[PDB]
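Trainee: experimental structure and sequence below, a few questions after.
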Amino acid sequence: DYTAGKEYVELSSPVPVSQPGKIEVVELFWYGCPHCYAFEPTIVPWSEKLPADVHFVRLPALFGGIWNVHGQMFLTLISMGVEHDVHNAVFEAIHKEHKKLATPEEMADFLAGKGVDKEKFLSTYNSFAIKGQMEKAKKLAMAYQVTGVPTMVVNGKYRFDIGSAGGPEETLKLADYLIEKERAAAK
């Protein structure tokens with residue numbers, strides 16, 4: 001059994017969830033984060049097997065500079081509806097192929113090779129709608145009081161990471177435990 005204050009903490013000010021009625025699981029990440037890249041083989045298959053009442057979401061940590069730029073790329077891909085399909089390839093480009101993907105022109109030229117419309121990528125990247133999603137994501141990370149990645153937050157209420165949980169497998173087992181806690185809770 002896990003212990004509040006040890007493997008996870010409870011946020012004294014819970015944060016609203018992106019999809020009311022589902023148990024939210026957020027992974028805060030940065031595409032350029034090696035620990036984030038390394039966790040992917042653990043969290044990806046798990047995330048695809050979650051039940052119908054769970055909503056898994058990735059949230060880019062907008063902690064400045066290149067993190068903001070890569071987060072803006074993430075959010076642009078989500079808007080275009082293609083992030084899932086090019087997700088692994090972005091991680092691979094950054095960590096294996098030496099691609100910096102540090103400007104929208106560079107991102108668009110890379111993503112074109114993965115099927116992504118460059119004009120639509122560029123227009124979405126610079127859109128007002130993306131500005132709002134950026135601020136939303138910033139304010140969420142501030143409200144979760146997250147100061148590094150990868151970090152998990154369940155149902156806007158419980159924050160934990162690989163170190164606190166005690167390893168990558170433990171991170172998912174803890175998430176499972178916390179999902180069950182929320183499923184059992186009175187509505």
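Mentor: Here it is on my side, so go on. Numbers count the residues shown, from 1 in each chain.

Trainee: give me the element the residue most central in space within the chain is part of.
Mentor: Closest residue to the average C-alpha location of the chain: residue 58 at 2.3 Å, with C-alpha atoms, centre = their mean. Using DSSP states H and E, residue 58 sits within strand 54-60.

Trainee: cool, and residue 40?
Mentor: Assigned by DSSP H and E, residue 40 falls in helix 34-48.

Trainee: cool, residue 177 as well?
Mentor: Using DSSP H and E, residue 177 sits within helix 168-184.

Trainee: tell me which other helices or strands that helix touches.
Mentor: strand 23-29, helix 34-48, strand 151-154, strand 158-161, helix 162-165 (3 or more C-beta pairs under 8 Å, 6 or more residues apart in numbering; DSSP states H and E). For the C-beta atoms, the positions are set from N, CA and C on the backbone; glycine is no exception.

Trainee: in it, what counts as buried?
Mentor: Within helix 168-184, the residues that count as buried by 16 or more other C-beta atoms under 10 Å are 168, 170-175, 177-179, 182.

Trainee: I'd like the distance between residue 14 and residue 24.
Mentor: 11 Å (C-beta to C-beta, to the nearest Å).
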